[PDB]
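What follows is a single structure, written as structure tokens, with notes after it.
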RNA sequence: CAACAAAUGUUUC
RNA sequence: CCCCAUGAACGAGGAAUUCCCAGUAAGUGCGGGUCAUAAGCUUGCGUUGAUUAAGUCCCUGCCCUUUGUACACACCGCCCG
RNA sequence: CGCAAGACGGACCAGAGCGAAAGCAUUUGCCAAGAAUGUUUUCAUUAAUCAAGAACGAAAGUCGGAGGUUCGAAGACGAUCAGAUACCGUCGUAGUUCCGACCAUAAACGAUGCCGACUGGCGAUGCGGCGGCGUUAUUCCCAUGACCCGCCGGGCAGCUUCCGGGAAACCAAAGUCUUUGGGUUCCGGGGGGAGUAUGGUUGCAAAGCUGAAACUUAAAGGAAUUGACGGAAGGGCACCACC
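Chains as they are written, first to last, in the entry's author numbering: chain B, 19 to 233; chain O, 16 to 151; chain a, 2 to 108; chain c, 5 to 68; chain R, 1 to 126.
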């Protein structure tokens, strides 16, 4: 029986990104008018938006995505925090080519602020120009030592430094380059990225750091 | 109706989300969180025949009925996640998925990024109905 | 009388390999046997990009791809002319080919 | 969702389809704006320079 | 199409042209008279069909040598053309530039020569 | 771009 | 054959299906063959004269490669309880 | 958006690897094991191949639990058909998965015994060793490392070849077979009756091994060749075909 079309009731908030990113005004989102029987901030607070790092930086960051999760609300403002980085589908699919070895290593590590992260890396062998084998695999010995190197760096590079510096780090892709330096002594490699980061455990609350990062 | 804000420049943003399978085509904008909907409508509802559930022309009609209320409630713009049946299912796009995208862009909403989100599985759960294949 | 010296498709040094499921019959065929065709295509397609480029914000952007590696069992890949009977002689040619790389102005 | 009517002029006659062989391929200069150009299938006898009245104005076929 | 000249005709055309080039012409009307003089052809329709195809040939020959026809005059023309030779092209200009090893090719061949070195890098198959 | 029904039955020869 | 009279069904044809591209389809009369007599026939001829593809291999039919075949009285062929 | 269960290890992944074969792709650790190579180490004939005996042995099935996510031998359903107990849709079973026992069979095909020698060209690739006043990558030079080129073993193979083989298809082994003789082991003697009867044996069971006859019958069969013909592929052509 005709009733309550719902937008004509809904309220708007402006999604705000952390400081390390560049521009910070992500877009807008709608919730229901708060009623005592309700907390529009409730239906608002653990929401996560996934935005492209390119929109976030402005660029070459076509591939790469960041998951931004709403951590608190202040009048039409909602302050989000790093929740993850993935790659998309197209980019990842495009690296994976036959005749080359695909190498993956991932490590789970606690940051300086508590956060627990599982953080993945990836690489592919490279034929080097005057090669004339068509393929370019690596040996099992190689990959085992390469993986150890990737893993050592990723734990080394996340142990020291908080969620923010990992972020500050993943933007100019300094890990990538570091891997490249530690591995060329062992075997070629084309591509190379920390390709995903997964938030496993969150520390408790603290608006302090959140604001430090926003505001 | 309504609008997040006057904005003679940037556009209020939502998520487009199209599932194209064969035998139908879902179009779907939601709030960039996802938790809250906004105007759905499928390629089914706008024709009758079951056989024609999934045809691009129906798909157009659906993306048109959708874009309407999209620009009628507040979304000025939308980022799209196209999908297939996925799972162990086919893994290829259904026919009126393209048609829906051409229909909304043409409609005159705004577009932003794209990824595919069909669920591809580090394979298993045996695919349906048996070893000798659908024979037909 | 034995037809292909390769029998089905290349094994030689095995006796076994896991089987895949046809992407059409949902059949079942060893992975050594089975026609495989990669499939990379733009999210948008032919006509769209122009409305897709105009309607979008962003200054260019610049289109994702969907990537899908297909598998067919013999009967499907024949049926649908993925592959076509070749004379007692032509069968021996593994190679591959066409003349330009059909990407817009082909058949 | 929609309506309009589109005038389009034949640029180049492609060849013939339909298994019966009764539909003629056509390429159309978009009349109201030349900076458009698309492939449409025909019922009748068509020759260069004469005009189609397109309903759908996207679509753009192929075989059948 | 429907008018595809048959060998009995096409042959006669190659034939006459081979032994008649400087006599024959550009124009249907005259060769037709010529076929009466230089050949014995049984019906008038055939002789016409012959004159006609051989003219289509003469029209073509007189615009570019045609795939299987030779006449004394065309041989003479090709002969003269097939003389050309300039200031000449190698030179190659003072000093050959070698790829070395090719330098070591002369060095260990007991042979003086002009020189230049630029030969390094390997070197992939495919 | 992919895919698509169909029975039986009298002679020497 | 005529003259009168008696004045039927048939008021557009289901399943099916023939034939056809330009003086062609179709209307329309004439003459020849049969012939003593006998035209609803066949067999041409002029007259009046369109609609409509202008192609293709779908169905059908037949021949072109390649291919499969336990067929070869050749698929109208040679099979299980 | 989170979470639980059970399943499975995609893309990368190949005429590529290993393993006696059956078979075997997530990380990491432990445990022993296996080939190749290198090797102026050790023994001095230790050795080749095999009745009997024995180890392993995909799948289904069977015994008892765990477990059943997924899909699903049976059944019940909806359609289709002249008939439909089917294919096709749906619901859905034992089962799939895992543990401890059975069972001993798969076009378990390379349909090709195993071992040794000899007879023919080229380029790949896994791997080991060896060589280069070759490339690129670094520091102050390096030790590095990956490559290019060559050489040699032993892998799985490929390619081209009037050696030669074979009925041919094919085959560098199916060669070195009437000029018939390197070692050893196994099975077959027209086709059906038949892996059947019967006794023995193994099995909880389902079944497995060994394995006849009476009778029946003049071809069974192989290979190549060619048509005919196809609801196989590129095919065409004609209003006796369609449009």
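We put the beta carbon where it would ideally sit given N, CA and C, even for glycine.
Between residue i and the rest of its own chain, which residues show a CB-CB distance below 7 Å, the 5 nearest in sequence each way excluded?
{"i": "residue 50/R", "result": "9, 12, 13, 35, 41"}
{"i": "residue 113/B", "result": "142, 209"}
{"i": "residue 205/B", "result": "143, 156, 160, 164"}
{"i": "residue 48/R", "result": "32"}
Distance cutoff 9 Å, beta carbons only. Does residue i sit that close to anything in chain a?
{"i": "residue 104/B", "result": "no"}
{"i": "residue 74/O", "result": "no"}
{"i": "residue 73/B", "result": "yes"}
{"i": "residue 123/B", "result": "no"}
Check whether chain c comes within 9 Å of residue i, counting only Cβ atoms and requiring the distance to be less than that.
{"i": "residue 112/O", "result": "no"}
{"i": "residue 61/O", "result": "yes"}
{"i": "residue 141/O", "result": "no"}
Suppose you measure from the CA of residue i to the CA of residue j; what does that come to, to the nearest Å?
{"i": "residue 138/O", "j": "residue 91/O", "result": "39 Å"}
{"i": "residue 12/a", "j": "residue 212/B", "result": "37 Å"}
{"i": "residue 56/B", "j": "residue 156/B", "result": "59 Å"}
{"i": "residue 20/O", "j": "residue 192/B", "result": "39 Å"}
{"i": "residue 32/B", "j": "residue 82/O", "result": "22 Å"}
{"i": "residue 121/R", "j": "residue 36/a", "result": "40 Å"}
{"i": "residue 94/a", "j": "residue 153/B", "result": "21 Å"}
{"i": "residue 97/R", "j": "residue 150/B", "result": "27 Å"}
{"i": "residue 42/a", "j": "residue 108/B", "result": "10 Å"}
{"i": "residue 101/a", "j": "residue 108/a", "result": "11 Å"}
{"i": "residue 232/B", "j": "residue 20/a", "result": "53 Å"}
{"i": "residue 58/R", "j": "residue 16/R", "result": "11 Å"}
{"i": "residue 105/O", "j": "residue 24/a", "result": "6 Å"}
{"i": "residue 68/O", "j": "residue 227/B", "result": "52 Å"}
{"i": "residue 216/B", "j": "residue 66/B", "result": "14 Å"}
{"i": "residue 21/c", "j": "residue 66/c", "result": "9 Å"}
Can you confirm whether residue i, when its beta carbon is compared against all beta carbons of chain O, has any partner nearer than 9 Å?
{"i": "residue 40/c", "result": "no"}
{"i": "residue 129/B", "result": "no"}
{"i": "residue 60/c", "result": "yes"}
{"i": "residue 215/B", "result": "no"}
{"i": "residue 13/c", "result": "no"}
{"i": "residue 97/B", "result": "no"}
Suppose the cutoff is 8 Å on Cβ atoms and the five residues either side in sequence are ignored; what does the same chain contact list for residue i look like?
{"i": "residue 61/B", "result": "49, 50"}
{"i": "residue 75/B", "result": "39, 40, 189"}
{"i": "residue 132/R", "result": "In the structure displayed, chain R extends from 1 to 126; residue 132/R sits before or after that span and is not available."}
{"i": "residue 42/O", "result": "31, 32, 33, 55, 56, 57, 58, 74, 77, 78, 81, 115, 119"}
Between the options, which lies nearest to residue i when the distance is taken from Cα to Cα?
{"i": "residue 6/B", "options": "133/B, 142/B, 44/B, 78/B", "result": "Not covered by the structure: residue 6/B. The range shown for chain B is 19 to 233."}
{"i": "residue 132/O", "options": "110/B, 136/B, 131/B", "result": "110/B"}
{"i": "residue 4/c", "options": "8/c, 24/c, 22/c, 12/c", "result": "No answer is possible for residue 4/c: the residues shown for chain c start at 5 and end at 68."}
{"i": "residue 93/O", "options": "72/O, 119/O, 143/O, 100/O", "result": "119/O"}
{"i": "residue 143/O", "options": "26/a, 4/a, 2/a, 16/a", "result": "26/a"}
{"i": "residue 147/O", "options": "30/a, 15/a, 7/a", "result": "30/a"}
{"i": "residue 52/c", "options": "17/c, 28/c, 44/c", "result": "17/c"}
{"i": "residue 4/a", "options": "58/a, 22/a, 99/a, 92/a", "result": "92/a"}
Less than 9 Å between CB atoms is the rule here; does residue i satisfy it with respect to chain B?
{"i": "residue 68/a", "result": "yes"}
{"i": "residue 18/a", "result": "no"}
{"i": "residue 128/O", "result": "yes"}
{"i": "residue 48/O", "result": "yes"}
{"i": "residue 125/R", "result": "yes"}
Between residue i and the rest of its own chain, which residues show a CB-CB distance below 6 Å, the 5 nearest in sequence each way excluded?
{"i": "residue 34/a", "result": "9, 10"}
{"i": "residue 91/B", "result": "59, 62"}
{"i": "residue 129/O", "result": "95"}
ask   = Counting Cβ pairs closer than 8 Å, one from the segment 39-53 of chain O and one from the segment 17-31 of chain O, do we hit at least three?
value = The segment 39-53 of chain O, when compared against the segment 17-31 of chain O, does touch it at the 8 Å Cβ threshold.
key: Meets three-Cβ-pair contact criterion under 8 Å: the segment 100-112 of chain O and the segment 36-44 of chain O   = With a cut-off of 8 Å, the segment 36-44 of chain O and the segment 100-112 of chain O count as touching, because enough Cβ pairs lie within range.
message = Is it the case that the segment 45-62 of chain a contacts the segment 83-93 of chain a, given that we only count it when at least three CB pairs across the two stretches are under 8 Å?
response = No: fewer than three Cβ pairs fall under 8 Å.
request  = Would you check if there are 3 or more beta carbon pairs closer than 8 Å linking the segment 15-22 of chain R to the segment 59-76 of chain R?
outcome  = Enough Cβ pairs lie closer than 8 Å, so yes.
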